[PDB]
Each structure stands twice: as structure tokens, then as C-alpha cells.
């Protein structure tokens, strides 16, 4: 049952949409359908999938795993160290995940995205959007060739976390561990990942919060996405919108 809902009150005037889906039943809750079906760059929400890829290929092994920091200077102080998978994920550290993915052959990534039905599965622009001048701080998942809709994000999440892929449960559980977020509410478990990008073509943000909600035996897989024209609208902002929706509409 697809129910069209209105979560405009939690968006505080920001343009976007949301999709929550419970697979135990078939409750699909959709705010702004056109947007929910529209493919965009996943941005850093792809770090959910790239983490599983690195674990599956044995590039990394646990939430402590390191990628061999070489001392390069970065403006974010937390990038300037041999950080663990948990920290790189939570800091959304780009050099860590770029080095990780560049240890995997492209055909393995193609096959994994295909299996996950990950949007357009287009990794043709492997090095990413080089015209932004950022060089090696780029990749196919950052405002580049790969694109996925909020609906497909939710479907991918459900496939992964319901056990419907060949990824090892041990690796799934590492992801659950590092995806958990503190929502000041112990009656629900919230997991997710932000993403932030700007579509220079359309002059709109791609701001994401994608994840899952556990609330008394029921699990909801969700994706919240803004396409606002205001450049101040980021992943973290959209995560706050997501948390407001969860507290207002997915409590009990």
C-alpha cells in the first residue's frame, strides 16, 4: 500500500521529499513522489555501499581497519591521521574511501552495483567530476556518473539489511554499528548516512539522509532528499529534517 503523505511541516520550507517503507507489511509512505522517483548522485551516501565492497574484497576487515594515511595535509583536522573505518565513515572522509575503492577492480564494482540494482549503475566516470578542480578528491559517486533515486536507495537498503544479498552478515553488522546515530530517543534505533553535493547543471543541492529506523519489531527503510536551490542545505540539515519526521510520524 503506497500512501501519499505530507511531511511539509518537517521540511520548514525546504524543497524535497521523503520515502519510508516497511517491508513486513507493504506500507510505502511517500512525500513528493516525482522527487522520490528522480535519480541523483548519491554523494557520500554511497559510502554505505563502498564500505561493504571493501569488506567483501578484504581491503578492510573491521570497524578499526585503517587505509595507511600517508601524511597529506587536509583542512579538516580529523582527516590528517590514520583513521579507522568507523571514523572515516562518520567523518565522511573522502581520501580514505577513494583509496579504498581504488584498490578494487572496476568489473567487481560493476557486478556488485548491478546485483544491488543501484540506480543507473554507471561507473563510467570512475575518477569523477574533474571539472570541479578538486582532482583526486572526486569519484563516480560524487556528482558524477552514478545516479540513484530515493526510492532505489530504500530498496537497496532493505535488500542489504534484510539479508537478501550475498554480503556476509558479519559485514552487514559492521555497517549497522558505524551507521547508528544518537537521536536522544532510546525507544527507536536510527541508522543512516548523510550526503552533500551541489548539481552545478540544475543549480540545486543534492542533500541526503538515507538509512533505517527500528521501532518495536518494525523496521522502516527511509531516504530523505532535498533538491533545494539554497546552497546552505546540506546532508546534516536534511538529517535534522529526517529526525523531525521520525519523531513526529514514526513514534508510538
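Residue numbers count along the first chain shown, from 1.
For the pair 189-197 and 25-33, the mean B factor over Cα atoms is greater in 25-33.
For the pair 52-60 and 180-188, the mean B factor over Cα atoms is greater in 180-188.
Listed residues 219, 38, 44, 65 were ranked by CA B-factor as deposited; 219 comes out on top.
Placement of the Cα temperature factor of residue 131 within the chain: highest third of the modelled residues, per the deposited record.
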